[PDB]
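What follows is one structure encoded as structure tokens, with my remarks underneath.
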Amino acid sequence: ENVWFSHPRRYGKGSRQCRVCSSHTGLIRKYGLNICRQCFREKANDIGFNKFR
Amino acid sequence: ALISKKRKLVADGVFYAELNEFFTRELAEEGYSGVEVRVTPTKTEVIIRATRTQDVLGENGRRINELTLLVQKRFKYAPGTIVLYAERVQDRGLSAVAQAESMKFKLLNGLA
Amino acid sequence: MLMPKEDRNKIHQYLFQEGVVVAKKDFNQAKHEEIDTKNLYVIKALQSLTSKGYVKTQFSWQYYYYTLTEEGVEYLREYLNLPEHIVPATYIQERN
Amino acid sequence: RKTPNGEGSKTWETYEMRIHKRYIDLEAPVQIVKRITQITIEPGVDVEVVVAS
Amino acid sequence: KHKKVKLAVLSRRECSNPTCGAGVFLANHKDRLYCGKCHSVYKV
RNA sequence: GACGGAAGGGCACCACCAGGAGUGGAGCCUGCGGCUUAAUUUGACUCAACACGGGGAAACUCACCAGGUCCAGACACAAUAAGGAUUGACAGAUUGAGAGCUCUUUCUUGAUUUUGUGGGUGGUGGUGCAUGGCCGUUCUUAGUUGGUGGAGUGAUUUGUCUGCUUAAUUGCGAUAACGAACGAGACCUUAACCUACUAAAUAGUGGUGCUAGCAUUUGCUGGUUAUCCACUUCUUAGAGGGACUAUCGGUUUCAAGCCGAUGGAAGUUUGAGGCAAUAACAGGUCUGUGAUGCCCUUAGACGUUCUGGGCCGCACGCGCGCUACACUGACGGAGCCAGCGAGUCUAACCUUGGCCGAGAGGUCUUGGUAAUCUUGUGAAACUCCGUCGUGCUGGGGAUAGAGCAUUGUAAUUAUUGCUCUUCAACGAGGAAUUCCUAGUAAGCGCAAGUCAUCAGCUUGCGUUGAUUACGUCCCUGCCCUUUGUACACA
Ligand SMILES: [Zn+2]
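Protein chains in written order, with the deposited numbering: chain dd, 4 to 56; chain DD, 3 to 114; chain KK, 1 to 96; chain UU, 68 to 120; chain ff, 94 to 104, 118 to 150.
Pasting the structure below:
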């Protein structure tokens with residue numbers, strides 16, 4: 004019944020989670036996207052990224 | 003401000019993506035064919051391209067007022083800096099999203 | 001969820017003044033934005049209301065969206081003691 | 068990487084967004100800016116004034 | 094897990123450190139008030 | 001339909017030829033099996049598993065192990081219960097332990113809970129052989145369909161084809177076929193040309209001016225982002241232009257085409273990609289998903305939190321790699337040039353510059369939310385002058401010893417970096433096997449992804465830049481037709 008324990012999570016994989024997915028693994032931190040590799044392909048054209056080459 | 007344009011377009015790009023998925027989850031039963039965000043001085047106008055507006059607005063602009071306060075408190079906008087409009091769906095039959103949701107509802111209503 | 005009567009009255013008085021609650025799902029977030037109380041308190045006070053009673057919940061991108069219904073305002077006004085024709089986004093407050 | 072899991076031939080997607088910037092230098096008085104900036108508002112193209120020269 | 098041994102109606119005078127919103131203790135003369143977590147040593 | 005050691009015609013460096021550079025040998029890095037273990041979490045096993053799960057684990061990740069809390073037990077109902085359901089706590093004990101986790105003391109609280117009964121939530125639990133989605137593959141080849149008609153008792157068939165073209169079911173054509181749709185092409189992005197337009201103090205340049213040095217006559221090489229003038233060659237992105245095999249000659253019934261020369265920035269679909277059919281797999285993923293059926297648990301938790309441990313454990317085997325076996329070299333000096341990136345506000349980014357330091361790295365400021373600053377990312381190989389002289393040598397740098405720093409709550413099982421010392425195998429690699437046709441192979445480094453720290457990885461980019469084909473079914477497969485079949489999970 005103490006302070007609900009939550010000990011430092013301020014860097015590495017288990018610091019930040021996918022914006023939507025809540026996944027720790029396969030994040031794009033690039034341009035502060037913070038979206039998972041899979042979730043990003045689903046929301047590619049949504050955010051503006053479309054393939055040309 | 004100050005946030006780099008390189009990043010800031012992607013930042014409000016992801017805003018559109020979260021908006022599209024919020025209304026695709028909530029206002030999918032009254033029809034929905036996408037959103038539009040127009041950025042103005044002292045105003046960002048989000049316009050819902052949905053079907054029957056007599057239920058999308060709700061009654062007397064009740065539901066859209068409740069959507070306005072929801073989308074506002076989400077991105078911590080000041081009351082008045084963002085407005086919700088409800089457009090008509092230009093030739094409903096082409097809206098692939100509107101056909102998909104309406105069929106999904108037909109299949110959940112026990113239909114071959 | 002042994003939330004002090006003060007801490008639960010705060011979110012009920014809030015939901016009255018607003019008619020809308022947005023809460024990031026992130027549990028054990030020391031304090032919520034716009035409400036001066038813990039986060040899991042806001043999530044589970046409005047879960048305790050939505051699951052049985054008088055409020056609706058939507059989830060999208062790790063953010064709960066709580067909106068109030070007509071049974072909402074009626075039950076919550078016998079809780080809070082207000083007459084009728086209230087201030088939340090139920091009807092016209094501004095020139096809109 | 069295309070696949071949501073690891074399995075499959077190693078095929079790679081290269082989603083490329085474009086950002087175009089423009090640069091106008093007017094010698095306007097205080098008269099014009101309060102009309103030109105209030106008009107010419109378009110979706111998808113965001114304009115900023117550096118009115119401190 | 095905890096039982097929480099329940100004692101009937103309570104029961118001394120006013121407490122030392124906080125306001126009169128507690129009671130002083132029956133210990134080895136070690137008064138130890140738990141509103142303000144603890145700050146007394148004597149028979150005060 | 002599928003197969004053939006049957007035929008015909010064409011095609012492919014995931015085939016061979018002619019070579020090039022390799023891997024296989026050596027040391028190490030990394031993944032996979034195995035063995036071990038408290039656990040060494042787990043998925044995938046030919047092409048289509050094995051530097052793959054963006055999978056570079058110190059904790060977190062994390063699923064595994066030893067051991068702890070906590071409810072985050074929505075609700076709905078029945079109980080005890082304001083002569084208290086119930087809450088939390090300093091201090092000794094208790095333990096990795098400022099753990100009220102549980103004990104002794106006895107206070108704090110005040111209907112929120114808590115005890116049964118349904119009911120629910122969560123679950124990196126199970127089922128990819130229940131599925132969604134997405135992806136890989138069959139299949140980088142050119143193939144696939146329905147209307148009407150003809151043939152057939154029917155399954156089916158023709159259309160969709162003998163021939164000759166093509167990268168191509170691309171076409172010329174011949175024609176129970178006629179007229180269509182998809183795929184190919186077209187399309188789109190991109191890399192090259194534009195002494196032409198449109199503009200540029202966030203790009204340059206030629207001029208004047210304030211000048212620096214060498215000269216002395218005018219001339220050379222520089223400085224000045226707040227001294228003015230001018231344009232657009234370079235550079236940037238707009239609208240466009242250019243190429244269509246253009247012209248000529250050959251050459252096939254002189255038909256589609258193909259070959260040679262010339263011009264041209266460009267004459268392979270101009271180079272490279274993106275997009276990419278019908279049908280199919282019981283291919284992979286339930287460990288990406290508040291994608292999800294069912295099943296299992298639901299608090300002595302298979303939920304998620306805390307401490308520590310393990311994913312790295314080593315008789316051995318295998319796959320991608322890196323470094324090398326040196327003189328076409330090493331080392332020391334000097335010379336000294338790219339391209340694609342990325343980068344911080346209530347946060348700690350890219351970090352000039354000056355000082356301290358042999359280092360690594362520290363300090364006090366500084367420019368940049370960025371064609372303005374880092375940054376000309378003055379990268380490496382490379383060039384020149386000199387020191388090593390065929391020796392496990394100064395090639396090679398593995399293992400070890402000690403020290404100094406940086407990141408990080410934490411560096412031990414050594415994170416990484418740096419200094420000195422220790423110097424192993426390795427003298428070009430057996431049977432095998434990989435990739436490759438031009439700014440390509442190969443050498444060389446650079447930037448980006450994960451990233452606090454860690455690249456021997458990947459995604460991209462330029463730097464230097466060959467040899468050898470310009471072909472053919474011999475091997476391994478492909479596409480169409482013929483043919484045989486006792487095959488059809490073929
Ligand atoms: Zn006290």
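A virtual CB, placed ideally from N, CA and C, is assigned to each residue, including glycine.
Residue i - partner residues in DSSP beta bridges
i	result
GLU38/DD	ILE49/DD
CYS39/dd	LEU30/dd
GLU109/UU	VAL112/UU
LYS56/KK	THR67/KK
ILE66/DD	Note: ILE66/DD sits in no beta bridge, so no partner.
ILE84/DD	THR46/DD
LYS24/KK	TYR63/KK
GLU89/DD	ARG51/DD
Same chain, Cβ closer than 7 Å to residue i, neighbours up to 5 away in sequence not counted
i	result
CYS126/ff	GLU120
residue 109/KK	Outside the displayed range of chain KK (1 to 96) lies residue 109/KK, so it cannot be described from this structure.
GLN29/KK	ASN39
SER26/dd	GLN20, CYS39
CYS42/dd	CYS21, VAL23, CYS24
Residue closest to residue i, alpha-carbon to alpha-carbon, out of the options
i	options	result
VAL150/ff	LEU100/ff, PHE131/ff, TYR140/ff, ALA101/ff	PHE131/ff
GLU61/DD	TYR91/KK, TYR14/KK, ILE35/KK, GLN47/KK	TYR91/KK
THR69/KK	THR46/DD, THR70/DD, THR44/DD, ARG65/DD	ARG65/DD
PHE52/dd	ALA100/DD, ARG76/DD, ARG9/DD, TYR34/DD	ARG9/DD
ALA119/UU	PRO110/UU, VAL97/UU, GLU109/UU, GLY111/UU	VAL97/UU
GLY111/UU	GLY15/DD, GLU28/DD, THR55/DD, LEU72/DD	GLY15/DD
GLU6/KK	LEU80/KK, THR57/KK, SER51/KK, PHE27/KK	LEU80/KK
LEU29/DD	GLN56/DD, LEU109/DD, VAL85/DD	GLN56/DD
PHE24/DD	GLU89/DD, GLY82/DD, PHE77/DD	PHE77/DD
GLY129/ff	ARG118/ff, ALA101/ff, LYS99/ff	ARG118/ff
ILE86/KK	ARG8/KK, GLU33/KK, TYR14/KK, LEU2/KK	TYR14/KK
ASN22/DD	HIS10/dd, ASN48/dd, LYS54/dd, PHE55/dd	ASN48/dd
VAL73/DD	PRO4/KK, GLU84/KK, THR67/KK	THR67/KK
beta-carbon residue i near ligand 1 non-hydrogen atom, thresh 6 Å
i	result
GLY127/ff	no
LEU139/ff	yes
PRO83/KK	no
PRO43/DD	no
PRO81/DD	no
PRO124/ff	yes
Contact test: residue i Cβ vs ligand 2 heavy atom, cutoff 6 Å
i	result
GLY142/ff	Within the structure as shown, ligand 2 is missing, the only ligands being ligand 1.
Other residues of its chain near residue i: CB distance less than 6 Å, five sequence neighbours each side excluded
i	result
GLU80/UU	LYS69
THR104/UU	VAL116
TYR75/KK	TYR54
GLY142/ff	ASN123, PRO124
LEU86/DD	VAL48, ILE66, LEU69, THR70
Contacts around residue i, its chain only, beta-carbon distance under 8 Å, and the 5 residues preceding and following it disregarded
i	result
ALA89/KK	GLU18, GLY19, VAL20
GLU78/KK	none
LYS25/KK	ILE43, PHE59, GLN62, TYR63, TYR64
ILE11/KK	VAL21, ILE35, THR37, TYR41, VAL42, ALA45, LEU46
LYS46/dd	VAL23, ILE38
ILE99/UU	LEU93
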